[PDB]
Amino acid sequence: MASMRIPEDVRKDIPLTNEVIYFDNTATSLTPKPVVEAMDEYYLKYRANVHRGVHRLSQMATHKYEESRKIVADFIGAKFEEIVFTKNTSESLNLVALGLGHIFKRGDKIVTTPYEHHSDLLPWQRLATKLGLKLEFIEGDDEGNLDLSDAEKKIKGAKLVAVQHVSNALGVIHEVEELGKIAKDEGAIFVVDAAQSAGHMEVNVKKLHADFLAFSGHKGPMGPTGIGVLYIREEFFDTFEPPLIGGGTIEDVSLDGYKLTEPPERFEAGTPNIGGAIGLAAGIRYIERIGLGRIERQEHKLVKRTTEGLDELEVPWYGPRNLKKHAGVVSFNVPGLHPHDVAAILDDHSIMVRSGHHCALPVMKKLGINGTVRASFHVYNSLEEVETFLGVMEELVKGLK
């Protein structure tokens, strides 16, 4: 929408960008000043709880919290009522397992990918172990490319399919639209972990054939910490059983029992993170002013240069060689050095990078490595930063071992 120069105009709103080269955006994003200003105005100018209390402050907070839910719903192509606020993606996913637990029978089958983050693996493991389910992993290569033929066989008799949109370890962008169409043809519930897609590329629930979808405010959306989202497609309102219950979730309560209210309030127990939802809505508004298409483009350029530069240094990097299937994340290793050491040297030069397993241990074991070092980007990162990154990589790479 807005006429902005990328990345110069985003950088102007983010003071830390003058201090460091921030390449750890898959862990969490830097926060623009206008997102913190939107939260600061709730705290200082209209501080109150919601649930439509008659007083003016509650009226204004409530109106802002509702606005925030709608902004989020539009961003995803969802209806207002299908959006539920959690603390993070992890909560959202656990809520899907706990909320659907009751519909599984011994011998049922959950299928996922072998690349999942622990948060999109552990709930399904625990649930499988407890109810005697089968948990099967669709097959794929070491770059993260899934065998879609194997996907069709695995999904066939599946009760539920849970997949990440993008891998936080490898940067592979899975073909979630195709996987969703398969799940639909086979009558399997489809859950998408969009923790690394939201705010970096397009995420639309109807395009993705999603039944549930989860993402985290603090990542691509450029919101604060402490705010997540769980999309619950309306088809499921009659079966999903709210895992958290109490204030705000009812029509009536007596000492003998209770009656739940309509969604979305049905799923939101107690005072919500009002400030976080306002912040996330400002994050989303900020993203839409830049445009998801231009964000993707800017990340693809950074990925292209970084990658070409590491080939020149003969530094192996992971994930798909086809850049059309590679998000703004480049995991790499320097043979002869431990990832933690590479990240430490990079930190002494003011370049922030992550090292280790990335909460994706099955990725590291599949590939047969201890960790990787990971550089991740966002729209505010620059080609200039990548050049200076390559410059220190170059120096670092000198000497044997």
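Residue positions are given as counts along the sequence shown, with the first one as 1.
With reference to the PDB entry, specify whether the mean Cα temperature factor is higher for 224 to 232 or for 92 to 100. In the deposited entry, the stretch with the higher C-alpha B-factor mean is 92 to 100.
Quiz prompt | Stretch with the higher entry mean CA B-factor, where the candidates are 59 to 67 and 329 to 337 | solution = So the stretch with the higher mean C-alpha B-factor is 329 to 337.
From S149, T249, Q196, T86, which pick has the Cα B-factor that tops the rest in the entry? It is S149.
| said: Per the entry's Cα B factor values, which of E116, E81, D74, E299 stands out as the maximum? | reply: Of the candidates given, the C-alpha B-factor peaks at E116.
- Message: How does the C-alpha B factor of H358 compare with the rest of the chain: lowest, middle or highest third?
- Response: Its C-alpha B-factor belongs to the highest third of this chain's values.
Which third of the chain does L44 land in by C-alpha B-factor: lowest, middle or highest? Answer is lowest: the recorded C-alpha B-factor places it there.
* Based on the entry's values, in what third of the chain does the Cα temperature factor of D13 lie: lowest, middle or highest? -> Its C-alpha B-factor, which the entry lists for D13, ranks in the lowest third among residues of this chain.
* Asked: Of the three thirds of its chain by CA temperature factor, lowest, middle or highest, which one includes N322?
  -> Within its chain, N322 is a middle-third residue by C-alpha B-factor, going by the deposited values.
(message) Which third, lowest, middle or highest, does the C-alpha temperature factor of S29 belong to within its own chain?
(response) Lowest third of the chain for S29's C-alpha B-factor.
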